[PDB]
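A single chain, nothing else alongside it, follows as C-alpha cells in the form deposited in one PDB entry.
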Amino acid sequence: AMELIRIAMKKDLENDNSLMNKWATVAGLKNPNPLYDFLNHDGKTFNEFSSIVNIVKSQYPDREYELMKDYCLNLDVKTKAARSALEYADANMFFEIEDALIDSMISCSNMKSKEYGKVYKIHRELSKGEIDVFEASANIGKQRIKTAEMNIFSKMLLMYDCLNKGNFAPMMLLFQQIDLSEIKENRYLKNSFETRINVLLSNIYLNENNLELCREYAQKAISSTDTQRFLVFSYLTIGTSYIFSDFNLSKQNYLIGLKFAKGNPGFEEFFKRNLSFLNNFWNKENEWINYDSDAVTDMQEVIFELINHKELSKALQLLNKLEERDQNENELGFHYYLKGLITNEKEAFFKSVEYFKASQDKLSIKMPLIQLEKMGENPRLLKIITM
C-alpha cells in the first residue's frame, strides 16, 4: 500500500469489515472485486475515476486534497486514470496537482496522454493571460489534435477566454461545434465536460438577460455534480439572476452557495461581497460589510450603508476622499450612482449609465436606469440603452 488512500482504507477495514460493501456501492460498482484489486495490487485502477473520488468524498471528506494529491502523483501517466486525474485537478482548481501531471504527461511516450498534457497546458497559459486567444488557437493547431476528447476541450478552453472578455457571439459559434456523444470510453470526462458547458451557458444567458434560461442551465449543472467549484459558481449565478426581481430568492441562493464554499476563503469572498451589495440595494440591515478593507469596492459598500441610514454628510465626505484615488470605469459607474442617491442630480445618474456602458457591465447599468425612470425620464428610451 504505497498510496496514502490505500493505507487509510486497509487500516479502517481492519477495524470494520462492513465498509467494503459500503465503499463498493458508493463507487458505483455492482460487485466489490475491483475494490479488492485496488487495495491489493499496486497500479490497479478503477475503470472510472468517479469510483475513487466518491470513496474519498464519503469516507475522508476533510482529507480530500492530501489524499488525492498523493494518489494523483503516483499514477502511471500513460493511463486513462491519469487523464481523468488531469480533468479532476483542473476542475477543482488544484493547480499544483495539475501542473505536475501536465509536465510528466508531455514527457511520456503515450500519444493520448501527451496530447491531453499539451492541450491542458494551453488552457493554463490562456487562463493566466500568458498568451492571448489567437496564440492559443495557433498552438491548438500546431498540436495536430487526434482525440475526440481534446477536439472538444480545445473548443471549451477558447470559450473560457471568450467568457471573461465578455464576447458572446464567438462562444456560441464554438458551442455549436461540440458534440459530447463522441466521447465513447471516458464517462467521467464526458460528465465533467457537460457540467463545464452548463455553467458556461448559464453565464452567457445571464449577460444576454434571459434570466429563466440562465437558471435552468445553472440547475442542470448543480444536478450533475458534487465538485465544489461548479456548485459555488452555479449558486453565484442563480443569486445574481434574482438581484433586481426578488430579494429573498437572491439571498437564499447566495446562502446555499456560501455553505458549499465552506473552507475555501476565495470562494467565500464572492458570496460575502454579493450579499453586502444585495442588502444595501434593498435597504436591509447588512452584516457583511468589511470596514477594514481599503479596496474600492468594499469602501463603496460602506458609503452605500451610510446613505441608507440618511447619514448623507458622512457619505459625501467618504465619497470625496475616494474621488482622489485612481478608479476604473466600472467603479466610476458605481461612484456616480452613489453621488446621485445623495444629491438627487440627474447628471450623476447619466454619468453612471455612461461609465457602466463603457465598461460593458450589462447588469449594474440597471441601477441608474431605474433611478432615471423614477425621475421621469422616458421608459421607451431607457429600454433602448440596455439592448
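Counting begins at 1, following the sequence as shown. The term rigid core refers to the maximal set of C-alpha atoms that superpose within 1.5 Å between the two forms.
Absent from the display: the form deposited in another entry. The rest refers to it.
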**Q.** C-alpha displacement of 2 Å or more between this form and the one not shown on the rigid core, among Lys184, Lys146, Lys142, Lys259
**A.** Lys259
**Q.** Core-aligned CA displacement of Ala295 at least 2 Å between this form and the one not shown
**A.** yes
(Q) For a quick test of reading the superposition: does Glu311 move by 2 Å or more at the CA between this form and the one not shown, rigid core aligned? (A) yes
Q. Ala24: with the rigid core matched between this form and the one not shown, does its Cα shift 2 Å or more?
A. no
